[PDB]
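Asker: Can you read through this structure? Questions will come right after.
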Amino acid sequence: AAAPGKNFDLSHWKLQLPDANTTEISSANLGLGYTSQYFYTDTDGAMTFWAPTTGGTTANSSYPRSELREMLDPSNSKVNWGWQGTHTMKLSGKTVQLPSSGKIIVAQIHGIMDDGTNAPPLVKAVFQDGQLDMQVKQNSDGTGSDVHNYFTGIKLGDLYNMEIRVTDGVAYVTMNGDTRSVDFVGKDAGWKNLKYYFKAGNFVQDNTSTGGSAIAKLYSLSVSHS
Ligand SMILES: O=C(O)[C@@H]1O[C@@H](O[C@H]2[C@H](O)[C@H](O)[C@H](O)O[C@H]2C(=O)O)[C@@H](O)[C@@H](O)[C@@H]1O
């Protein structure tokens, strides 16, 4: 019954919560065994993220989350990685319960300005009962639309194996050994002006009062920069 920080390497993740005040838990406190209604180890050992649709939201989102936010430097969220080189997150997990909207985001690459100011998400792994859509943003200024990458057949409760990789300004998005790519720096050179961090957890795409809540699980989670 050990807390997730004992089962996963959370030394370079902080946790963002869907409580009224959108509390954050540090890497160190995750390692010490932080657990709550929003974040816990289930009977199957999974790191489990729960968030209600009525939860608190961050300053630039309509939606609540129980979600890890990568910290290259666990003591400074303004230290983030760039477009050049290779940057890889791998995970395995499942979504157990959806809100009324039937949509959550279970993994991301998020952009950020050099000064820590918000920038657009780059990759969003959107889960629905029957499909994961690994969406890649076109433009670094947040305008335009997203490039969709549909992986159909993935159901509620099914185990997915996922990888999101950036190598030299190209995003490679993988679900169960099936990989698609989007050259994001090639769509917009402006992406070279931004930095990036991974996210993984449960970002609930429903903020309605009667929308219920969602549960997402992870069985493995690793990040590498090379
Ligand atoms: O809505 C936003 O601005 C959020 O930005 C990111 O989280 C940042 C936010 O300021 C949050 O309250 C806390 O201070 O962490 C910040 C960070 O880690 O950069 C982003 O991860 C997401 O929560 C949302 O887009």
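Numbering starts fresh at 1 for the residues of each chain in the structure tokens, the chains themselves are lettered A, B, ... in the order given, and ligands are numbered from 1 as they appear.
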At a cut-off of 7 Å around ligand 1, and using only C-alpha atoms and all ligand atoms, what residues come up? Please write them as a list in words.

Answerer: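 These are the residues that qualify: residues 16, 22, 58, 59, 60, 61, 69, 77, 116 and 118 of chain A.
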
Asker: Looking only at the backbone, which of the residues in region 62-198 of chain A does DSSP tag as alpha helix (DSSP H), as a PDB file with N, CA and C atoms, in the first residue's frame?

Answerer:
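And here's states13.pdb as it stands now:
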```
ATOM      1  N   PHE A 184       6.975  19.871 -36.018  1.00  0.00           N
ATOM      2  CA  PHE A 184       6.398  21.102 -35.502  1.00  0.00           C
ATOM      3  C   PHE A 184       7.251  22.346 -35.757  1.00  0.00           C
ATOM      4  N   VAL A 185       8.567  22.237 -35.567  1.00  0.00           N
ATOM      5  CA  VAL A 185       9.477  23.322 -35.923  1.00  0.00           C
ATOM      6  C   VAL A 185       9.356  23.661 -37.419  1.00  0.00           C
ATOM      7  N   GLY A 186       9.063  22.646 -38.230  1.00  0.00           N
ATOM      8  CA  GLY A 186       8.850  22.841 -39.669  1.00  0.00           C
ATOM      9  C   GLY A 186       7.550  23.546 -40.020  1.00  0.00           C
ATOM     10  N   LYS A 187       6.511  23.351 -39.215  1.00  0.00           N
ATOM     11  CA  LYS A 187       5.271  24.094 -39.427  1.00  0.00           C
ATOM     12  C   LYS A 187       5.477  25.565 -39.016  1.00  0.00           C
TER      13      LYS A 187
END
```

Asker: Using only C-alpha atoms, which protein or nucleic acid residues come within 6 Å of residue 146 (chain A)? Drop anything in the same chain fewer than 6 positions from it, and give the result as a list in words.

Answerer: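 Contacts, with the query itself left out: residues 135, 136, 137 and 138 of chain A.
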
Asker: Write out as number ranges by chain the set of residues from region 20-191 of chain A that DSSP, computed on the backbone, places in strand (DSSP E or B).

Answerer: A: 24-25, 36, 39-41, 47-52, 65-70, 81, 86-97, 104-112, 118-128, 131-137, 146-147, 150-152, 160-167, 170-175, 178-183

Asker: With only C-alpha atoms as the counted atoms, please give the residues lying no more than 12 Å from residue 176 (chain A), apart from itself and same-chain residues fewer than 5 positions off, as a CSV table (one decimal) with N, CA, C and O atoms, in the first residue's frame.

Answerer:
```csv
chain,number,residue,atom,x,y,z
A,90,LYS,N,8.0,7.8,-21.7
A,90,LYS,CA,7.3,6.6,-22.0
A,90,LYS,C,6.4,6.2,-20.8
A,90,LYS,O,6.8,6.5,-19.6
A,91,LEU,N,5.3,5.7,-21.1
A,91,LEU,CA,4.4,5.3,-20.0
A,91,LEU,C,3.5,4.2,-20.4
A,91,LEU,O,3.3,3.9,-21.6
A,92,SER,N,2.9,3.5,-19.4
A,92,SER,CA,1.9,2.5,-19.6
A,92,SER,C,0.7,2.8,-18.6
A,92,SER,O,1.0,3.2,-17.5
A,93,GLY,N,-0.5,2.7,-19.1
A,93,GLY,CA,-1.6,3.0,-18.2
A,93,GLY,C,-2.9,2.7,-18.7
A,93,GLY,O,-3.0,1.9,-19.7
A,132,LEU,N,-7.6,7.0,-28.7
A,132,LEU,CA,-6.7,8.1,-28.2
A,132,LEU,C,-6.3,8.9,-29.4
A,132,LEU,O,-6.0,8.4,-30.5
A,151,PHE,N,-5.8,6.9,-32.8
A,151,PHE,CA,-5.5,5.5,-32.6
A,151,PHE,C,-6.8,4.9,-32.1
A,151,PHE,O,-7.2,5.1,-31.0
A,152,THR,N,-7.5,4.2,-33.0
A,152,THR,CA,-8.8,3.8,-32.7
A,152,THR,C,-8.8,2.4,-32.1
A,152,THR,O,-7.9,1.6,-32.5
A,153,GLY,N,-9.8,2.1,-31.3
A,153,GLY,CA,-9.9,0.7,-30.7
A,153,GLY,C,-9.5,0.7,-29.2
A,153,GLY,O,-9.8,-0.3,-28.5
A,154,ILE,N,-8.9,1.7,-28.7
A,154,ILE,CA,-8.5,1.8,-27.3
A,154,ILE,C,-9.6,2.1,-26.4
A,154,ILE,O,-10.1,3.2,-26.4
A,158,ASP,N,-8.7,-0.6,-21.0
A,158,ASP,CA,-7.6,-1.2,-21.8
A,158,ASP,C,-6.3,-0.6,-21.3
A,158,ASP,O,-6.2,0.5,-21.0
A,159,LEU,N,-5.2,-1.4,-21.4
A,159,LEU,CA,-3.9,-1.0,-21.1
A,159,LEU,C,-3.2,-0.4,-22.3
A,159,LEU,O,-3.1,-1.1,-23.4
A,160,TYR,N,-2.8,0.8,-22.3
A,160,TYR,CA,-2.0,1.4,-23.3
A,160,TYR,C,-0.6,1.7,-23.0
A,160,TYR,O,-0.2,2.0,-21.8
A,161,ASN,N,0.3,1.5,-24.0
A,161,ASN,CA,1.7,1.8,-23.9
A,161,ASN,C,1.9,3.0,-24.8
A,161,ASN,O,1.6,2.9,-26.0
A,162,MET,N,2.5,4.0,-24.3
A,162,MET,CA,2.6,5.3,-24.9
A,162,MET,C,4.0,5.8,-24.9
A,162,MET,O,4.8,5.6,-24.0
A,163,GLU,N,4.4,6.5,-26.0
A,163,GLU,CA,5.7,7.2,-26.0
A,163,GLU,C,5.4,8.5,-26.7
A,163,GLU,O,4.7,8.6,-27.7
A,164,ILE,N,5.9,9.6,-26.1
A,164,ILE,CA,6.0,10.9,-26.8
A,164,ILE,C,7.4,11.3,-26.8
A,164,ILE,O,8.1,11.4,-25.8
```

Asker: Determine the nearest neighbour of residue 215 (chain A) from the options A:45, A:190, A:33, A:201, counting only C-alpha atoms.

Answerer: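 Checking each of A:45, A:190, A:33, A:201 against residue 215 (chain A), counting only C-alpha atoms, the winner is A:201.
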